[PDB]
$ cat my_file.cif   # mmCIF, C-alpha atoms and all ligand atoms
data_final
loop_
_atom_site.label_atom_id
_atom_site.label_comp_id
_atom_site.auth_asym_id
_atom_site.auth_seq_id
_atom_site.Cartn_x
_atom_site.Cartn_y
_atom_site.Cartn_z
CA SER A 1 82.39 167.46 61.74
CA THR A 2 80.24 164.68 60.39
CA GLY A 3 80.46 161.03 59.31
CA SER A 4 78.42 158.78 57.06
CA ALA A 5 78.85 155.00 56.68
CA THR A 6 76.89 152.33 54.89
CA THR A 7 75.49 149.46 57.00
CA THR A 8 74.89 146.11 55.32
CA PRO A 9 72.84 143.10 56.41
CA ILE A 10 75.04 140.08 57.28
CA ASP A 11 72.68 137.57 55.64
CA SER A 12 69.43 137.22 53.68
CA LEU A 13 67.33 137.56 56.84
CA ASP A 14 68.82 140.85 58.08
CA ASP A 15 69.90 139.02 61.27
CA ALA A 16 72.28 141.91 61.98
CA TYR A 17 74.01 144.77 60.17
CA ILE A 18 77.71 145.45 59.76
CA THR A 19 79.41 148.78 59.26
CA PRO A 20 83.10 149.24 58.31
CA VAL A 21 85.21 150.93 60.94
CA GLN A 22 88.83 152.09 60.59
CA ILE A 23 90.98 151.40 63.64
CA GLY A 24 94.64 152.37 64.13
CA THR A 25 97.50 153.75 62.05
CA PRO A 26 97.75 152.52 59.35
CA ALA A 27 94.03 151.87 59.25
CA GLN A 28 92.78 148.34 60.01
CA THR A 29 89.19 148.04 58.74
CA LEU A 30 86.84 145.84 60.72
CA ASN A 31 83.12 145.24 60.14
CA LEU A 32 81.37 146.07 63.37
CA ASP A 33 77.82 145.62 64.60
CA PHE A 34 76.60 149.05 65.63
CA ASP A 35 74.62 148.42 68.79
CA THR A 36 72.47 151.16 70.37
CA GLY A 37 71.76 148.67 73.15
CA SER A 38 75.30 148.50 74.58
CA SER A 39 78.23 150.79 75.20
CA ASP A 40 81.44 148.89 74.49
CA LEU A 41 83.52 149.02 71.31
CA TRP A 42 85.12 145.57 71.19
CA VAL A 43 86.92 143.71 68.48
CA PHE A 44 88.31 140.37 67.52
CA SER A 45 92.08 140.80 67.76
CA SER A 46 95.52 139.21 67.71
CA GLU A 47 94.89 138.47 71.40
CA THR A 48 91.72 136.43 70.88
CA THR A 49 92.08 132.76 71.79
CA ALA A 50 93.02 131.16 68.48
CA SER A 51 90.38 128.46 68.58
CA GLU A 52 87.73 131.13 69.04
CA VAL A 53 88.48 132.91 65.77
CA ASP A 54 86.92 131.50 62.59
CA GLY A 55 86.98 133.85 59.63
CA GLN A 56 86.76 137.20 61.38
CA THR A 57 89.07 140.07 60.64
CA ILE A 58 91.23 140.89 63.64
CA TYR A 59 92.68 144.05 65.09
CA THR A 60 96.41 143.78 65.80
CA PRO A 61 97.36 146.66 68.06
CA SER A 62 101.07 145.98 67.73
CA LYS A 63 100.80 146.96 64.05
CA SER A 64 99.22 150.33 64.87
CA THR A 65 101.59 153.16 65.71
CA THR A 66 98.81 155.05 67.56
CA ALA A 67 97.75 152.09 69.76
CA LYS A 68 98.48 152.40 73.50
CA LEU A 69 97.67 149.77 76.07
CA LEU A 70 95.26 151.17 78.69
CA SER A 71 97.14 149.96 81.71
CA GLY A 72 95.28 147.62 84.02
CA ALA A 73 91.99 147.99 82.18
CA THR A 74 89.76 144.98 81.48
CA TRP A 75 86.28 144.41 80.17
CA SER A 76 83.63 141.72 80.19
CA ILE A 77 80.17 141.83 78.73
CA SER A 78 77.21 139.56 78.10
CA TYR A 79 74.35 140.14 75.71
CA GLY A 80 70.57 139.84 76.14
CA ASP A 81 71.29 137.13 73.62
CA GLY A 82 73.28 135.03 76.10
CA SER A 83 76.55 135.60 74.30
CA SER A 84 79.63 137.19 75.83
CA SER A 85 83.20 138.36 75.44
CA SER A 86 86.01 139.83 77.49
CA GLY A 87 89.55 141.07 77.30
CA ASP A 88 91.88 144.03 77.69
CA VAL A 89 91.88 147.60 76.37
CA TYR A 90 93.84 149.82 74.05
CA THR A 91 93.26 153.42 73.08
CA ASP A 92 93.61 154.12 69.34
CA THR A 93 92.30 156.22 66.49
CA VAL A 94 88.87 155.16 65.27
CA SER A 95 87.10 156.51 62.18
CA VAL A 96 83.58 155.90 61.01
CA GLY A 97 82.62 157.18 57.61
CA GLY A 98 85.18 159.98 57.68
CA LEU A 99 84.55 160.99 61.29
CA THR A 100 87.63 160.49 63.46
CA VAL A 101 88.04 160.06 67.20
CA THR A 102 91.51 159.94 68.73
CA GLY A 103 92.00 158.21 72.03
CA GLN A 104 89.00 155.87 71.63
CA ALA A 105 88.91 152.89 73.93
CA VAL A 106 89.19 149.82 71.73
CA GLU A 107 88.38 146.72 73.76
CA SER A 108 90.49 143.79 72.54
CA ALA A 109 88.90 140.40 72.98
CA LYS A 110 90.85 137.63 74.66
CA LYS A 111 87.71 135.45 74.83
CA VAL A 112 84.46 135.31 72.82
CA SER A 113 81.60 132.87 73.18
CA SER A 114 80.73 130.34 70.50
CA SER A 115 77.98 132.43 68.88
CA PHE A 116 80.61 135.09 68.08
CA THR A 117 83.07 132.56 66.84
CA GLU A 118 80.38 131.00 64.70
CA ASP A 119 79.51 134.24 62.96
CA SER A 120 82.39 135.06 60.62
CA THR A 121 80.73 138.25 59.38
CA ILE A 122 80.95 140.26 62.63
CA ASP A 123 84.40 141.45 63.71
CA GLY A 124 83.11 143.08 66.91
CA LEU A 125 80.57 145.53 68.28
CA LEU A 126 80.41 149.33 68.42
CA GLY A 127 78.14 150.39 71.25
CA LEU A 128 75.98 153.48 70.93
CA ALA A 129 73.95 153.36 74.20
CA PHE A 130 74.94 155.69 77.03
CA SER A 131 78.43 155.51 78.42
CA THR A 132 77.15 154.63 81.87
CA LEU A 133 76.78 151.06 80.57
CA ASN A 134 80.40 150.70 79.45
CA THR A 135 82.02 147.70 81.12
CA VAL A 136 85.66 148.75 81.28
CA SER A 137 87.18 148.41 84.72
CA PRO A 138 88.47 150.03 86.83
CA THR A 139 88.01 153.21 84.72
CA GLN A 140 84.83 153.22 82.65
CA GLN A 141 85.26 154.43 79.09
CA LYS A 142 83.22 156.56 76.72
CA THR A 143 81.50 155.43 73.54
CA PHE A 144 82.55 156.54 70.08
CA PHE A 145 79.52 158.84 69.92
CA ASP A 146 80.26 160.54 73.33
CA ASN A 147 83.89 161.05 72.31
CA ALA A 148 82.83 162.57 68.99
CA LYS A 149 79.86 164.57 70.12
CA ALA A 150 81.47 167.85 70.91
CA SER A 151 83.10 167.89 67.46
CA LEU A 152 79.94 167.10 65.57
CA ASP A 153 77.97 169.77 63.75
CA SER A 154 74.94 168.55 65.74
CA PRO A 155 75.08 166.08 68.68
CA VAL A 156 73.12 163.39 66.90
CA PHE A 157 73.45 160.15 65.00
CA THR A 158 70.84 158.53 62.78
CA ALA A 159 70.06 154.94 61.89
CA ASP A 160 68.53 154.15 58.47
CA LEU A 161 68.53 150.37 58.25
CA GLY A 162 67.47 148.68 55.09
CA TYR A 163 65.10 145.75 54.50
CA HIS A 164 67.12 143.13 52.69
CA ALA A 165 69.31 146.02 51.53
CA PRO A 166 72.09 148.36 52.71
CA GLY A 167 71.35 151.43 54.78
CA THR A 168 73.21 154.22 56.50
CA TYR A 169 74.51 155.45 59.86
CA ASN A 170 75.13 159.22 59.88
CA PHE A 171 76.89 161.16 62.65
CA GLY A 172 76.44 164.90 63.26
CA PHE A 173 73.66 165.70 60.78
CA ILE A 174 70.14 164.78 59.70
CA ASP A 175 69.80 163.89 56.02
CA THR A 176 66.50 165.52 55.09
CA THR A 177 66.36 163.54 51.84
CA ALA A 178 66.37 160.21 53.68
CA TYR A 179 62.80 160.27 55.06
CA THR A 180 59.30 161.26 54.12
CA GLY A 181 57.02 163.68 55.99
CA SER A 182 58.32 164.91 59.35
CA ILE A 183 60.37 163.50 62.19
CA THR A 184 58.38 163.04 65.38
CA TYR A 185 60.47 163.33 68.52
CA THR A 186 59.73 161.56 71.77
CA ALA A 187 61.17 161.63 75.25
CA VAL A 188 63.99 159.39 76.38
CA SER A 189 64.82 158.02 79.81
CA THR A 190 68.52 157.37 80.31
CA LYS A 191 68.13 155.91 83.80
CA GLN A 192 68.92 152.32 82.63
CA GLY A 193 71.54 153.47 80.14
CA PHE A 194 69.46 152.80 77.06
CA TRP A 195 67.62 154.82 74.46
CA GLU A 196 64.41 154.09 76.36
CA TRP A 197 61.14 155.60 75.19
CA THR A 198 57.40 155.04 75.31
CA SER A 199 55.40 154.09 72.23
CA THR A 200 51.82 155.36 72.16
CA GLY A 201 50.23 152.18 70.86
CA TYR A 202 49.87 149.74 67.96
CA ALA A 203 47.71 148.39 65.21
CA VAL A 204 47.67 144.99 63.46
CA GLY A 205 47.18 145.06 59.69
CA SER A 206 44.27 147.31 58.75
CA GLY A 207 42.91 147.11 62.28
CA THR A 208 42.06 149.99 64.54
CA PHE A 209 44.87 151.58 66.56
CA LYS A 210 45.08 150.67 70.22
CA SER A 211 46.23 153.56 72.35
CA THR A 212 48.44 152.13 75.05
CA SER A 213 51.83 153.04 76.53
CA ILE A 214 54.62 150.63 75.66
CA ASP A 215 57.94 151.39 77.28
CA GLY A 216 60.93 149.98 75.47
CA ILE A 217 64.38 150.52 73.99
CA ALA A 218 65.53 151.47 70.53
CA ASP A 219 68.07 148.70 69.93
CA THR A 220 69.88 148.30 66.66
CA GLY A 221 71.76 145.36 68.15
CA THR A 222 68.58 143.25 68.55
CA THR A 223 67.19 141.60 65.42
CA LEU A 224 63.51 141.26 66.30
CA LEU A 225 60.65 143.25 67.85
CA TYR A 226 59.95 142.13 71.40
CA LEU A 227 56.65 143.40 72.82
CA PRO A 228 54.21 142.51 75.63
CA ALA A 229 52.49 139.16 75.32
CA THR A 230 49.08 140.69 74.87
CA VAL A 231 50.26 142.71 71.82
CA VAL A 232 52.13 139.78 70.28
CA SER A 233 49.17 137.45 70.69
CA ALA A 234 46.91 139.98 69.03
CA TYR A 235 49.32 140.11 66.07
CA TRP A 236 49.76 136.37 65.56
CA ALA A 237 46.01 135.72 65.97
CA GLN A 238 45.70 137.35 62.54
CA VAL A 239 47.91 134.71 60.90
CA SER A 240 46.23 131.36 60.17
CA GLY A 241 48.13 128.53 61.74
CA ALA A 242 50.46 130.70 63.78
CA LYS A 243 51.37 129.33 67.22
CA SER A 244 53.80 129.87 70.03
CA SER A 245 56.24 126.97 70.10
CA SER A 246 58.10 126.27 73.36
CA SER A 247 60.44 123.95 71.48
CA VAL A 248 61.43 126.50 68.81
CA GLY A 249 61.42 129.36 71.31
CA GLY A 250 58.69 131.65 70.06
CA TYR A 251 55.96 132.29 67.55
CA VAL A 252 56.15 130.32 64.30
CA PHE A 253 53.82 130.46 61.35
CA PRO A 254 53.19 128.66 58.04
CA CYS A 255 55.75 129.79 55.54
CA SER A 256 52.88 129.94 53.01
CA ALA A 257 51.28 132.79 54.93
CA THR A 258 51.03 136.43 53.90
CA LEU A 259 51.78 138.40 57.07
CA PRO A 260 49.86 141.50 58.13
CA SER A 261 51.67 144.74 58.80
CA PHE A 262 52.30 146.02 62.31
CA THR A 263 51.98 149.73 63.21
CA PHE A 264 53.56 151.34 66.27
CA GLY A 265 52.93 154.82 67.57
CA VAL A 266 55.41 157.59 68.10
CA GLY A 267 53.45 160.38 69.75
CA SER A 268 50.64 161.11 67.34
CA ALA A 269 52.62 159.66 64.45
CA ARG A 270 52.60 156.07 63.16
CA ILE A 271 55.33 153.81 61.78
CA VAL A 272 54.16 150.90 59.66
CA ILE A 273 56.22 147.72 59.54
CA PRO A 274 55.27 145.82 56.38
CA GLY A 275 54.33 142.20 56.90
CA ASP A 276 57.28 140.90 54.92
CA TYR A 277 59.61 142.47 57.46
CA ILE A 278 58.18 140.10 60.09
CA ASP A 279 59.20 136.89 58.18
CA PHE A 280 62.42 135.36 59.47
CA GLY A 281 62.33 132.26 57.30
CA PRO A 282 62.23 128.53 57.92
CA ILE A 283 63.00 127.47 61.49
CA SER A 284 65.41 124.93 59.98
CA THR A 285 66.56 124.37 56.44
CA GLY A 286 63.73 122.97 54.36
CA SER A 287 61.05 123.48 56.98
CA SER A 288 57.65 124.90 56.06
CA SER A 289 57.37 126.47 59.56
CA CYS A 290 58.77 130.01 59.62
CA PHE A 291 60.05 132.08 62.49
CA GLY A 292 58.19 135.25 63.45
CA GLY A 293 59.76 138.66 63.67
CA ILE A 294 57.50 139.86 66.49
CA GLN A 295 57.99 137.94 69.72
CA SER A 296 56.98 138.26 73.36
CA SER A 297 59.22 140.21 75.74
CA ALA A 298 57.76 138.39 78.70
CA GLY A 299 60.87 136.47 79.61
CA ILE A 300 63.18 139.47 79.00
CA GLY A 301 62.14 142.18 81.39
CA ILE A 302 62.03 145.01 78.83
CA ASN A 303 60.38 145.64 75.45
CA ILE A 304 62.82 145.94 72.59
CA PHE A 305 62.31 147.92 69.39
CA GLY A 306 64.91 145.97 67.47
CA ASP A 307 65.84 145.99 63.79
CA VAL A 308 62.42 144.74 62.63
CA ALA A 309 60.90 147.95 63.92
CA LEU A 310 63.76 150.36 63.37
CA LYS A 311 64.29 149.39 59.73
CA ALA A 312 60.79 150.66 58.97
CA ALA A 313 61.88 154.16 60.02
CA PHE A 314 64.48 156.81 59.82
CA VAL A 315 65.64 157.09 63.45
CA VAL A 316 67.34 160.04 65.10
CA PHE A 317 69.38 159.40 68.25
CA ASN A 318 69.54 162.95 69.65
CA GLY A 319 72.37 163.21 72.13
CA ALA A 320 71.67 166.74 73.28
CA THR A 321 71.93 167.57 76.98
CA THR A 322 68.42 166.18 77.25
CA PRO A 323 68.41 163.26 74.82
CA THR A 324 65.42 162.43 72.67
CA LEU A 325 64.53 159.99 69.88
CA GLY A 326 63.06 160.94 66.51
CA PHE A 327 61.18 158.69 64.09
CA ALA A 328 60.13 159.34 60.53
CA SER A 329 58.64 157.15 57.86
CA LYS A 330 60.74 156.59 54.72
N1 LIG B 401 71.52 145.29 72.45
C1 LIG B 401 72.16 144.77 73.44
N2 LIG B 401 73.49 144.55 73.47
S1 LIG B 401 71.39 144.02 74.83
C2 LIG B 401 69.63 144.32 74.43
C3 LIG B 401 68.88 143.86 75.66
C4 LIG B 401 68.38 142.59 75.93
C5 LIG B 401 67.79 142.33 77.17
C6 LIG B 401 67.70 143.31 78.15
CL1 LIG B 401 66.95 142.94 79.65
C7 LIG B 401 68.24 144.57 77.94
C8 LIG B 401 68.83 144.83 76.71
#
$ encode --input "my_file.cif" --output "structure tokens" --more "lines below"
Ligand SMILES: N=C(N)SCc1ccc(Cl)cc1
Amino acid sequence: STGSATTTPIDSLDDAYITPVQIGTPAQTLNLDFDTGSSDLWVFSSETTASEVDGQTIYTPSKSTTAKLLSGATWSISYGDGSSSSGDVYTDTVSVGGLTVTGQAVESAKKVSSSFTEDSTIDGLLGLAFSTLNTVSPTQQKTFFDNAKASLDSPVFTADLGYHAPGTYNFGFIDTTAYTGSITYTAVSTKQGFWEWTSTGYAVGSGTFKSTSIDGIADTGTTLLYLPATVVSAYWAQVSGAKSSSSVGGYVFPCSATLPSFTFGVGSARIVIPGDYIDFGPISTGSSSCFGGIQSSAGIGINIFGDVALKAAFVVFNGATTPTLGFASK
């Protein structure tokens, strides 16, 4: 089997991407944030505290004839963000772009934090990291990908995020028309539960490439590119008037600037992030200070190849017995 679903930015800054997901019988379609940095499929629901729902579409398990409460199971998760949610668990039929899983754990939120409430465009998350990170207790549950894998033509999914435009998540096949040149594969460590890999270096603008190992995760659920302080300083030093602002919470730059590109290495190959991808707009409405898309990972504890980086590539999440990651230009 295979599936193919369009992913759409939630706003003009590509702050996140939403993908329609069919849950239950008859289908209830929710717009979920596909997150290769976590491993829980959770949704806004008829059980979510009423004051914590503001515009989202909810899952109502009592209206699904295939929903079954997963007795005694609960979940609770927090994001690298600082947000969180928690609740109980159903199993139900879940379909993504024509690919169907029966018996998927669907985590029903009873509580969501304010950032979730405040974002009416995201109806929940669909985690695509390794199932060892799933938070359901006392019986941990598998991700949508892990449940589907054996049925797929090939045990892979691909992320093709757009810049200010829709893109695609495919399951079970590699669309050879969706990238240019070849896909370069690179090793993955699953020891922390993430799609963790090591970039071979970087360049800033038309600058020479610096060969240096940068360990980090491929995370569709993170908006920005978080890299070591040395790398980030080298980038922003090429932008007149750019500065790290403790009050804003990162690097800002004059909105009148033209940003340089940023290149990262994948083995001997190179992915180029155009400068415009690194502009996240005024720090506040009407400001002429703009927020940077490359930020330091120093307070975080891990480097994160978030949407800013991934959207410059066609990315293969290879879930074979030994997982790997593939990157191509597009
Ligand atoms: N994508 C996700 N849900 S969490 C990403 C993240 C942020 C911080 C650290 Cl330490 C690990 C992962």
$ closest_residue --input "my_file.cif" --among "A:8, A:93, A:84, A:56" --to "ligand LIG 401 (chain B)" --atoms "only C-alpha atoms and all ligand atoms"
A:84
$ residues_around --input "my_file.cif" --residues "residue 297 in chain A" --least-positions-apart "3" --cutoff "7 Å" --atoms "all atoms listed in the file" --output "list in words"
residues 226, 227, 228, 229, 300, 301, 302 and 303 of chain A
$ residues_near_ligand --input "my_file.cif" --ligand "ligand LIG 401 (chain B)" --cutoff "10 Å" --atoms "all atoms listed in the file" --output "ChimeraX atom specification"
/A:33-40,77-84,125-129,192-194,216-223,226,297,299-306
$ closest_residue --input "my_file.cif" --among "A:133, A:32, A:5, A:18" --to "residue 171 in chain A" --atoms "all atoms listed in the file"
A:5
$ residues_around --input "my_file.cif" --residues "range 159-168 of chain A" --least-positions-apart "2" --cutoff "6 Å" --atoms "all atoms listed in the file" --output "list in words"
residues 5, 6, 7, 8, 311, 314 and 315 of chain A
$ write_last_selection --input "my_file.cif" --atoms "C-alpha atoms" --output "mmCIF file, in the frame of the given file"
data_model
loop_
_atom_site.group_PDB
_atom_site.id
_atom_site.type_symbol
_atom_site.label_atom_id
_atom_site.label_comp_id
_atom_site.auth_asym_id
_atom_site.auth_seq_id
_atom_site.Cartn_x
_atom_site.Cartn_y
_atom_site.Cartn_z
ATOM 1 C CA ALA A 5 78.850 155.000 56.680
ATOM 2 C CA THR A 6 76.890 152.330 54.890
ATOM 3 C CA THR A 7 75.490 149.460 57.000
ATOM 4 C CA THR A 8 74.890 146.110 55.320
ATOM 5 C CA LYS A 311 64.290 149.390 59.730
ATOM 6 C CA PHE A 314 64.480 156.810 59.820
ATOM 7 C CA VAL A 315 65.640 157.090 63.450
#
$ build_atoms --input "my_file.cif" --residues "range 205-230 of chain A" --atoms "N, CA and C atoms" --output "PDB file, in the frame of the given file"
ATOM      1  N   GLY A 205      47.771 145.007  61.023  1.00  0.00           N
ATOM      2  CA  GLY A 205      47.180 145.060  59.690  1.00  0.00           C
ATOM      3  C   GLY A 205      46.358 146.322  59.552  1.00  0.00           C
ATOM      4  N   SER A 206      45.143 146.176  59.020  1.00  0.00           N
ATOM      5  CA  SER A 206      44.270 147.310  58.750  1.00  0.00           C
ATOM      6  C   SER A 206      43.348 147.623  59.914  1.00  0.00           C
ATOM      7  N   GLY A 207      43.661 147.020  61.039  1.00  0.00           N
ATOM      8  CA  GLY A 207      42.910 147.110  62.280  1.00  0.00           C
ATOM      9  C   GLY A 207      42.999 148.482  62.905  1.00  0.00           C
ATOM     10  N   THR A 208      42.060 148.739  63.809  1.00  0.00           N
ATOM     11  CA  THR A 208      42.060 149.990  64.540  1.00  0.00           C
ATOM     12  C   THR A 208      43.249 150.104  65.479  1.00  0.00           C
ATOM     13  N   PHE A 209      43.740 151.315  65.685  1.00  0.00           N
ATOM     14  CA  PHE A 209      44.870 151.580  66.560  1.00  0.00           C
ATOM     15  C   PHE A 209      44.443 151.539  68.011  1.00  0.00           C
ATOM     16  N   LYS A 210      45.241 150.816  68.778  1.00  0.00           N
ATOM     17  CA  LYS A 210      45.080 150.670  70.220  1.00  0.00           C
ATOM     18  C   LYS A 210      46.011 151.646  70.923  1.00  0.00           C
ATOM     19  N   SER A 211      45.435 152.614  71.612  1.00  0.00           N
ATOM     20  CA  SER A 211      46.230 153.560  72.350  1.00  0.00           C
ATOM     21  C   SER A 211      46.648 152.939  73.672  1.00  0.00           C
ATOM     22  N   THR A 212      47.948 152.762  73.835  1.00  0.00           N
ATOM     23  CA  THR A 212      48.440 152.130  75.050  1.00  0.00           C
ATOM     24  C   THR A 212      49.921 152.417  75.180  1.00  0.00           C
ATOM     25  N   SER A 213      50.411 152.728  76.367  1.00  0.00           N
ATOM     26  CA  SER A 213      51.830 153.040  76.530  1.00  0.00           C
ATOM     27  C   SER A 213      52.689 151.788  76.572  1.00  0.00           C
ATOM     28  N   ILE A 214      53.691 151.755  75.697  1.00  0.00           N
ATOM     29  CA  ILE A 214      54.620 150.630  75.660  1.00  0.00           C
ATOM     30  C   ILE A 214      56.053 151.138  75.785  1.00  0.00           C
ATOM     31  N   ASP A 215      56.592 150.961  76.986  1.00  0.00           N
ATOM     32  CA  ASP A 215      57.940 151.390  77.280  1.00  0.00           C
ATOM     33  C   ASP A 215      58.931 150.415  76.650  1.00  0.00           C
ATOM     34  N   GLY A 216      59.951 150.914  75.980  1.00  0.00           N
ATOM     35  CA  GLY A 216      60.930 149.980  75.470  1.00  0.00           C
ATOM     36  C   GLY A 216      62.186 150.671  74.977  1.00  0.00           C
ATOM     37  N   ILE A 217      63.144 149.900  74.460  1.00  0.00           N
ATOM     38  CA  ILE A 217      64.380 150.520  73.990  1.00  0.00           C
ATOM     39  C   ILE A 217      64.534 150.432  72.481  1.00  0.00           C
ATOM     40  N   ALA A 218      65.149 151.473  71.930  1.00  0.00           N
ATOM     41  CA  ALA A 218      65.530 151.470  70.530  1.00  0.00           C
ATOM     42  C   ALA A 218      66.892 150.804  70.423  1.00  0.00           C
ATOM     43  N   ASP A 219      66.901 149.594  69.870  1.00  0.00           N
ATOM     44  CA  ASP A 219      68.070 148.700  69.930  1.00  0.00           C
ATOM     45  C   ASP A 219      68.445 148.129  68.571  1.00  0.00           C
ATOM     46  N   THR A 220      69.426 148.800  67.942  1.00  0.00           N
ATOM     47  CA  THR A 220      69.880 148.300  66.660  1.00  0.00           C
ATOM     48  C   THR A 220      70.606 146.953  66.752  1.00  0.00           C
ATOM     49  N   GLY A 221      71.031 146.582  67.944  1.00  0.00           N
ATOM     50  CA  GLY A 221      71.760 145.360  68.150  1.00  0.00           C
ATOM     51  C   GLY A 221      70.863 144.170  68.428  1.00  0.00           C
ATOM     52  N   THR A 222      69.544 144.340  68.419  1.00  0.00           N
ATOM     53  CA  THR A 222      68.580 143.250  68.550  1.00  0.00           C
ATOM     54  C   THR A 222      67.882 143.090  67.211  1.00  0.00           C
ATOM     55  N   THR A 223      67.750 141.856  66.749  1.00  0.00           N
ATOM     56  CA  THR A 223      67.190 141.600  65.420  1.00  0.00           C
ATOM     57  C   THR A 223      65.693 141.842  65.329  1.00  0.00           C
ATOM     58  N   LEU A 224      64.966 141.340  66.343  1.00  0.00           N
ATOM     59  CA  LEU A 224      63.510 141.260  66.300  1.00  0.00           C
ATOM     60  C   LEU A 224      62.842 142.344  67.125  1.00  0.00           C
ATOM     61  N   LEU A 225      61.528 142.352  67.098  1.00  0.00           N
ATOM     62  CA  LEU A 225      60.650 143.250  67.850  1.00  0.00           C
ATOM     63  C   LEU A 225      60.043 142.455  68.988  1.00  0.00           C
ATOM     64  N   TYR A 226      60.431 142.837  70.215  1.00  0.00           N
ATOM     65  CA  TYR A 226      59.950 142.130  71.400  1.00  0.00           C
ATOM     66  C   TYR A 226      58.966 143.041  72.165  1.00  0.00           C
ATOM     67  N   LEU A 227      57.721 142.573  72.268  1.00  0.00           N
ATOM     68  CA  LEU A 227      56.650 143.400  72.820  1.00  0.00           C
ATOM     69  C   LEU A 227      55.840 142.597  73.830  1.00  0.00           C
ATOM     70  N   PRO A 228      54.968 143.240  74.601  1.00  0.00           N
ATOM     71  CA  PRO A 228      54.210 142.510  75.630  1.00  0.00           C
ATOM     72  C   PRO A 228      53.404 141.380  75.010  1.00  0.00           C
ATOM     73  N   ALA A 229      53.177 140.341  75.796  1.00  0.00           N
ATOM     74  CA  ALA A 229      52.490 139.160  75.320  1.00  0.00           C
ATOM     75  C   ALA A 229      51.114 139.431  74.752  1.00  0.00           C
ATOM     76  N   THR A 230      50.421 140.405  75.349  1.00  0.00           N
ATOM     77  CA  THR A 230      49.080 140.690  74.870  1.00  0.00           C
ATOM     78  C   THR A 230      49.141 141.202  73.431  1.00  0.00           C
TER      79      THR A 230
END
